[PDB]
Amino acid sequence: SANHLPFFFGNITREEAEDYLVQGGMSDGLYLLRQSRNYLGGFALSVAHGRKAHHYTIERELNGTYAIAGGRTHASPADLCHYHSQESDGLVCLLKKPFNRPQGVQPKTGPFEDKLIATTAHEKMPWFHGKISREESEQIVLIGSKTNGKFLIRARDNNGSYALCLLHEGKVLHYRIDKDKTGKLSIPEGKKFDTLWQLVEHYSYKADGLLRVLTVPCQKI
């Protein structure tokens with residue numbers, strides 16, 4: 001699908017997409033497309049309207065079709081833009097001009113690999129150490145070549161519930177990761193994610209409630 005779209009930027013952050021909106025002209029109806037960072041397989045739509053950027057999450061439905069939350073299904077993300085370019089339907093305005101990728105610029109692929117496969121890809125990742133107790137997690141973090149932001153994720157007493165251990169000025173910080181009814185992982189009062197690696201890539205880029213940003217993953221035993 002949308003890997004060859006001129007306005008598909010990729011796994012860029014929400015802020016970076018807004019910077020491109022100011023580079024494009026911020027004319028109301030200017031839009032671009034990027035990869036969603038907290039909804040697996042879904043997309044995100046960044047539209048500028050009234051001197052502000054507006055973001056809409058294009059979720060991938062169960063049948064393989066993409067649709068906005070509380071909306072009608074579209075074959076591909078391009079079709080959704082084409083539909084919303086002629087019909088407003090719940091958005092701020094109609095999509096007028098796309099902001100094609102500037103020259104030199106390619107789709108940004110992040111450490112997501114730098115449905116089934118995604119859900120069980122964390123087992124082999126360096127920051128995931130599996131099921132360990134709290135005392136074991138702090139020991140393993142405290143005894144290596146340590147540096148601020150060194151972290152790991154462990155499985156809590158529940159299978160499906162995880163816990164984040166982060167190093168901050170000699171102290172191992174413990175953050176709880178809980179599952180909701182939908183099945184989305186989130187830190188208390190934090191943004192919800194579909195997978196753990198999306199939680200890592202978000203928190204390794206911005207503090208967002210944490211005392212510091214995740215940096216280097218602790219190597220697993």
# chains A, B, ... in the order shown; residues from 1 in each chain; ligands from 1
$ residues_around --residues "stretch 35-46 of chain A" --least-positions-apart "6" --cutoff "10 Å" --atoms "only C-alpha atoms" --output "MDAnalysis selection string"
chainID A and resid 2 8:14 17:18 20:21 29 53:61 64:68 77 80:81 107:109 112 115 118:119 184:185 191:199 201:202
$ select_by_dssp --residues "stretch 81-143 of chain A" --states "strand (DSSP E or B)" --output "list in words"
residues 97, 98, 108, 128, 129, 130 and 131 of chain A
$ atom_distance --atom1 "atom CA of residue A:173" --atom2 "atom CA of residue A:161"
17.2 Å
$ select_by_dssp --residues "stretch 50-212 of chain A" --states "alpha helix (DSSP H)" --output "list in words"
residues 77, 78, 79, 80, 81, 82, 83, 84, 116, 117, 118, 119, 134, 135, 136, 137, 138, 139, 140, 141, 142, 196, 197, 198, 199, 200, 201, 202 and 203 of chain A
$ closest_residue --among "A:220, A:141, A:174, A:189" --to "residue A:208" --atoms "only C-alpha atoms"
A:189
